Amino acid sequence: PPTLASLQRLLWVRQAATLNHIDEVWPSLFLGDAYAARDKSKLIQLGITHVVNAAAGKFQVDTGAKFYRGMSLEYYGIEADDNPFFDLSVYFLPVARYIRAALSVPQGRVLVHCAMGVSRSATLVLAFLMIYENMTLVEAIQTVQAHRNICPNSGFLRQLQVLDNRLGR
């Protein structure tokens, strides 16, 4: 049973010098930023079939279904703030399920992005791994963090612990 400090330490202890716009963090599963989000072309390259906008909203990364018009891809918008007091966890299961049914598609290649792809979307990716890849939070992080610097905020971490916990039992 880890403490917060241990996770944050971990989140610190393993971080490369730079951060890219997108990153395959798991087979057919990408963590990206809003730049990569609107990078229609690389999207094409990568063969993304599903975009998870965890920074969705007119007041945030307002890409929506319309931005991808003509493009052969499906969209999920989650109107979340990167605030410790924002309950991302209410999105934890449904998104795990969304991402799951996608990757279950042969072509299934999912992008999960927020603004900078390190916290809000990072977190939703974590939960998915714990929930559907049989991982734990630390394992999730070590796995994910092998390809992309991440750092869910304290409250998102606290959110994950709880999830780790429900799953422990």
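All residue numbers refer to positions in the sequence shown, first residue = 1.
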Mean Cα B factor from the PDB record: higher for 1-9, or higher for 160-168? 1-9
If you take the mean CA temperature factor per stretch, which one wins between 104-112 and 52-60? 104-112
Highest Cα B-factor in the PDB entry belongs to which of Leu137, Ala36, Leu46, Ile131? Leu46
Out of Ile141, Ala127, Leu29, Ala65, which shows the largest CA B-factor listed in the entry? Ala65
In terms of the chain's CA B-factor thirds, is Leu88 lowest, middle or highest? lowest
Taking the entry's C-alpha B-factors for this chain, is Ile78 in the lowest, middle or highest third? lowest
Record-listed C-alpha B factor of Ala96: chain third: middle
Ranked C-alpha temperature factor of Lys42 among modelled chain residues, by third: highest
Taking only the Cα B-factors deposited for this chain, tell me whether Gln15 sits in the lowest, middle or highest third. highest
